[PDB]
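Take a look at this one chain, the form deposited in one PDB entry, written out in structure tokens.
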């Protein structure tokens, strides 16, 4: 079976950014439903089970470019009393629909904390080594939910 619209595809992968492996493992996803970064999904289109390959995915087809609007300055009083507010530390605010908005602390200057709401890989080009482990048809429930079980 080939990778295609409405297939649930299982891959084993290694994610490299700038010559360093950042993540490694296995995932399954419903193909053609915006469940996987588009560059990788494009590289997977039409592949057979058992196929292995490498794929370079520029930032625009991966987690997207770095959005300057994602960088903001907030007061230190915005953070929990106990928290260590340091570069790299992660937290979340809430969007207008009540959902979590993760952020990373970028810099702390006295009372001014610069945070970044961007995906940590936004604006980075990715390199994948991929193996297609399994391809199957989605169940109706998976199509209704929009994701692999």
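Numbering follows the first chain given and starts at 1.
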Mean C-alpha temperature factor, higher of 119 to 127 and 76 to 84:
76 to 84
Per the entry, where is the mean C-alpha temperature factor higher: 89 to 97 or 59 to 67?
89 to 97
Which one of 27, 44, 30, 108 shows the biggest C-alpha B-factor in the PDB entry?
108
Lowest, middle or highest third - CA B-factor, residue 3
middle
Split the chain's modelled residues into thirds by Cα B-factor; is residue 38 in the lowest, middle or highest one?
lowest
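Only in words, not in the display: the form deposited in another entry, which the text now covers.
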Seen as two rigid parts moving between this form and the one not shown, does the chain keep residue 3 and residue 41 on one side?
yes
